[PDB]
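An overview of the molecular structure
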2 protein chains.
Amino acid sequence: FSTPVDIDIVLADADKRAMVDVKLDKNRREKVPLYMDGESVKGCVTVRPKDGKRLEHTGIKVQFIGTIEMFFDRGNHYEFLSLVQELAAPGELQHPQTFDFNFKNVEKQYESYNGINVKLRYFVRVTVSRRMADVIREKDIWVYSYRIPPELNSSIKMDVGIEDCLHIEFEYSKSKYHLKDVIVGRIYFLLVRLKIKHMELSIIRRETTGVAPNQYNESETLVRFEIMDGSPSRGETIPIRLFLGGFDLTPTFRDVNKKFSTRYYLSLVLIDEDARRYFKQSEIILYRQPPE
Amino acid sequence: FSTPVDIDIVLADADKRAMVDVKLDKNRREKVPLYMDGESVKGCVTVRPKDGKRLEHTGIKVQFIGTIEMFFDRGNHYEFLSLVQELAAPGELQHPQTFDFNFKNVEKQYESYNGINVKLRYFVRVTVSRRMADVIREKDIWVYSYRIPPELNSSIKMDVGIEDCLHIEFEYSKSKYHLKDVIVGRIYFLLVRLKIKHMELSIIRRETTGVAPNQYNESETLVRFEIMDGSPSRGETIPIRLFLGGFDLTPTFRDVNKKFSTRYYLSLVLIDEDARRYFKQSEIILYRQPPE
């Protein structure tokens, strides 16, 4: 036999509309249509019958859903957006039928995310209601969030050290970088009484999930970029130029629906000849640039 | 003791915004703020603590809901619109706190209705999530639907009768009347071989609930308006002028979310001297006029 009916969802702007990729578990890349906050979502639900039989139903509806999924558990799923359009009353289907739908000016407050303990995703869900088992079809969507240049973008500049052993001033040109921006910086050496083998700059991603003492932090190290080979002396200046376009980062996400945060840190690491390791971590905000 | 916490919801336009009344069971009239399709819903959630204790919670959210309730049963409730804003992560409350909220450009596809087997209502729902029993506060809203003058509004004109006994032509000036419009019409008598005591014009409301053979029809007679006293002869013309503003009707609602219909009929009734009753029913569309 198979299914008596197959549901497909075709958008009205399906040819012209842009699509975007998502990295999922074990290097998989999905591609879905792309939307932003305030756009209308409209198209058609196409019902393809497959048998010459009849389908008794107690209603057909289409829903636009945005939801946050935590820890791979269905009981922790929270819909932050739900919109319904009823497409048909209780009845029968004997032949193919199509139904229009339009969700007017749809709010989409968060960017889509696929992480470790957290997913945030948007989809269209069509439901054909039946007496004991519904026929359900999901259709996934990417939503981006956009942001213009910030009013204030201060340089990150600091003196740090291990007392009487290593004193350094480091500088990074901004606090806020767009996803295809460049870390321009320098390291300046004030006091050096240790034997430095190499120095690297690391971009660390932290996913923070939960509320209050229920906090799980997942940490991933997305670059290790060597910026110095060998032992400097005092008065030595080391230039940093690190291109972010080589690492495909997600934006900074802060307290999203009061459930999770995704944060980015520059971690400067110096290693001595005996393999001792000296570090300083600094938060950087990553943002998605609106194209002009 | 009492409650540890009381939740109140105050809109940002609360002073300037118009309010509207609803007739509910046993002559009760509620009054709630008034909205239309496409308006944003924004304001503040005000938490008044009442005890000097502490409130542990696993999150605070506000939802905008539009739902259809059938047959006084909670298991038949269908949300056709759901929007969520998370206001706080898991934590504690020890003192009063207020939280802003804004639902951008909110779709509100149907007019609010309180009927017999059917309710359609919109509300804001605040939820403070707790370990075993949530603190929940609803805040009800009226939504109207508006419509400009129709492209086609034909007069309803017909010849009807009981053969060789009574032949009449009736005319009503429109098929579509606004809620404060006037039925202007006439009855014209072609053949009269019965002894007519009186003639009345009735506005009948029908509420139709369910899908397919699951159809319940509730019928209510909202006016009985006498238009003739006594026995006419052939060639006699009886004028009708019936003002709809005296009866506070709801608009015509057709196949709302594929779950219900509310429909209006003009029923013309003639009564003979022996109390025999001759009738003709005609559908009329009632609509809510947009003010200029």
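Residues numbered from 1 in each chain as written, not as in the entry; some residues may be left out. Chains lettered and ligands numbered in written order. Part of a larger assembly, values for the part shown. Heavy atoms only, no water.

Where the PDB entry is consulted, chain A appears under the name Vacuolar protein sorting-associated protein 26-like protein, with the organism given as Chaetomium thermophilum. Here the PDB entry's recorded title is "Model of retromer-Vps5 complex assembled on membrane". Its UniProt record, at the heading Sequence similarities (unreviewed entry), says of chain A: "Belongs to the VPS26 family." (UniProt positions renumbered as here; feature names shortened; annotations may be inferred.)

A separate point is the overall build of chain A. Regarding its fold elements, chain A presents 0 helices and 22 strands. Its C-alpha atoms give chain A a radius of gyration of 26 Å, clearly above 19 Å, the size a compact globule of 292 residues would have. With respect to the principal axes defined by its C-alpha atoms, chain A has extents near 85 × 40 × 35 Å. Out of the 292 residues belonging to chain A, those deemed buried represent 47%. (Helix = DSSP H or I, 4+ residues; strand = E, 2+ residues; numbered from the N terminus. Rg over C-alpha atoms; globule rule 2.2 N^0.38 Å. Buried < 20%, exposed > 50% of the residue type's maximum accessible area, 1.4 Å probe, protein only.)

In this section: the sheet that holds strand 14 (residues 166–172) of chain B. Residues and elements named next belong to chain B. Across the sheet, which stays open at both edges, the 4 strands sit in the order 13-14-16-19 with antiparallel pairing between neighbours. In this open sheet, the two strands that pair with only one neighbour each are strand 13 (156–162) and strand 19 (237–243). For this sheet, the mean angle separating the axes of adjacent strands, direction not counted, is 20°. With 7 bridges connecting them, strand 13 and strand 14 associate as antiparallel partners. Bridge pairing links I156 to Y172 in strand 14. (Pairing = 2+ DSSP bridges. Axes fitted to C-alpha atoms, helices over the stretch in contact; angles between N-to-C directions.)

Time to look at the relation of the copies chain B and chain A. Of the two same-sequence chains, chain B is brought onto chain A (RMSD 0.0 Å, axial shift 0.0 Å) by a rotation of 180°. Expressed as a symmetry operation, the mapping of one chain copy onto the other fits a two-fold axis. It is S82(B) whose C-alpha, among those of chain B, lies nearest the rotation axis, at 2.2 Å. An overlap of 100% is found between the interface residues of chain B and their copies at the interface of chain A, pointing to a shared contact surface. (Least-squares fit on C-alpha atoms. Contact = heavy atoms within 4.5 Å.)

Further remarks concern the environment of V20(B). All names here are of chain B. Following the sequence through the fold, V20 ends up in strand 2 (residues 19–23). For the pair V20 and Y265, spaced 245 residues apart in the sequence, the C-alpha separation amounts to 26 Å. The residues contacting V20, other than those within four sequence positions of it, are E30, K31, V32, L34 and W142.

Let's shift gears to empty space enclosed by the protein. Under the defined criterion, the tally for this structure stands at 3 cavities of 30 Å³ or more. Empty space within the largest cavity amounts to approximately 100 Å³. If you trace the largest cavity, you find it lined by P4(B), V5(B), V47(B), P49(B), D51(B), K53(B), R54(B), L55(B), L93(B), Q94(B), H95(B) and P96(B). Counted by class, the lining of the largest cavity contains 7 nonpolar, 2 polar and 3 charged residues. What the second largest cavity holds in volume is close to 60 Å³. If you go around the second largest cavity, the residues you meet are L83(A), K104(A), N105(A), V106(A), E107(A), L83(B), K104(B), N105(B), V106(B) and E107(B). Classifying every residue of the lining of the second largest cavity by side-chain character gives 4 nonpolar, 2 polar and 4 charged. (1 Å grid on protein atoms, 1.4 Å probe; cavity = no way out; pocket = protein on both sides within 12 Å on 5 of 7 lines; lining within 4 Å. Points joined across faces, edges and corners; volume = space filled by probe spheres on them. Nonpolar A, V, L, I, M, F, W, Y, C, P; charged D, E, K, R; others polar.)

In this section: the environment of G210(B). As for its position among the elements, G210(B) is in the loop between strand 17 (196–209) and strand 18 (216–229). Judged by its relative accessible area of 26%, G210(B) is partly exposed.

Counting residues at the interface gives 30 residues for chain B and 30 residues for chain A. Of the roughly 2,400 Å² buried between chain B and chain A on both sides combined, carbon and sulfur atoms contribute 54%. When residues of the side of chain B that touches chain A are traced back to their parent elements, those giving at least two are strand 6 (60–70), strand 7 (73–88) and strand 9 (97–103) of chain B. Residue contributions to the side of chain B that touches chain A peak at 11 residues, all from strand 7 of chain B. Considering only residue class, the side of chain B that touches chain A consists of 14 nonpolar, 9 polar and 7 charged. Judged from the 3 bridges that link them, strand 7 (residues 73–88) of chain A and strand 7 of chain B form a sheet pairing that is antiparallel. Residue pairing in the sheet places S82(A) in a bridge with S82(B) of strand 7 of chain B. (Buried area = accessible area lost by both parts, 1.4 Å probe.)

A few words now on the pairing of strand 14 (residues 166–172) of chain A. Residue and element names in this part refer to chain A. Extensive coverage of strand 14 is indicated by the burial of 5 of its 7 residues. In this structure, the hairpin formed by strand 13 (residues 156–162) and strand 14 is closed by a connection of 3 residues, where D164 is found at a positive phi of approximately 50°. Bridging between strand 14 and strand 16 (residues 182–192) involves 7 bridges; their strand directions are antiparallel. When the bridges of strand 16 are listed, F170 appears paired with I187.

Let us now look at the sheet that holds strand 19 (residues 237–243) of chain A. Residue and element names in this part refer to chain A. Pairing is antiparallel across the open sheet formed by 4 strands, whose spatial order is 13-14-16-19. The sheet is open, and its two borders are formed by strand 13 and strand 19, each paired with just one other strand. In this sheet, adjacent strand axes meet at a mean angle of 20° when their direction is disregarded.

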